[PDB]
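Encoded as structure tokens, the structure appears first; notes follow it.
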Ligand SMILES: CCCCCCCCCCCCCCCCCC(=O)OC[C@H](COP(=O)([O-])OCC(O)COP(=O)([O-])OC[C@@H](COC(=O)CCCCCCCCCCCCCCCCC)OC(=O)CCCCCCCCCCCCCCCCC)OC(=O)CCCCCCCCCCCCCCCCC
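Protein chains in written order, with PDB author numbering: chain d, 208 to 213, 229 to 259; chain v, 2 to 111.
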């Protein structure tokens, strides 16, 4: 009976944040194809 | 150049409010053409005094560069009093809006 003394949802499996987004003029994590001049 | 003290005194009288009422009374029966002609005549009288008296008279500030130095000094005073003040204000404005040097930032990279 003590198994039901305390289930809204669950904790998130993964999280995404702003610092995970890349930035940089030279950083190749932002370069897919060259932008025309 | 000459009569800088008189010019300072003129500015003082102009800022004095009582002189505002005096000028309001003097402007009774007066035209914009007359006012403009009077101001232009005053300026011409100053410059003509200079042109005439520089031929034979020397002021206390006479120097091997003549009135060029007095004119440069007038310009430098104007600069430091007005333009550098405006620069200070603009600097504080830019530093509050974008950060120091924000007006010289490079465009956002693409
Ligand atoms: C601080 C300087 C730096 C300024 C900021 C930086 C700017 C750099 C750019 C410079 C550009 C200069 C502008 C050039 C344009 C032409 C200007 C010009 O020739 O006519 C000026 C003008 C002269 O008018 P004028 O048409 O030739 O007619 C002359 C009269 O007939 C009278 O006839 P007179 O024969 O009896 O005398 C003729 C003449 C005689 O002028 C002279 O020959 C100078 C006599 C002394 C020789 C050594 C000069 C330098 C060292 C002593 C003076 C220190 C002050 C610096 C003065 C710089 C100008 C030389 O009279 C004067 O000019 C008096 C000036 C000295 C006033 C002293 C006031 C002391 C208060 C400040 C505390 C002490 C100083 C603190 C330390 C500052 C260090 C930077 O001088 C005035 O300022 C008129 C004052 C009217 C009364 C105002 C109420 C009193 C307030 C006193 C301060 C007045 C403003 C001066 C500010 C400087 C002191 C803080």
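For each residue, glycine too, the CB sits at the ideal point set by N, CA and C.
- Taking a contact as a CB-CB distance under 8 Å, the pair residue 71/v and residue 2/v counts as one, their CB atoms being some 4 Å apart.
- Identification of chain d residues near residue 111/v by a Cβ-Cβ cut-off of 8 Å yields 257, ordered along the chain.
- At a threshold of 8 Å, residue 81/v counts as near ligand 1, since its beta carbon sits closer than that to one of the ligand's heavy atoms.
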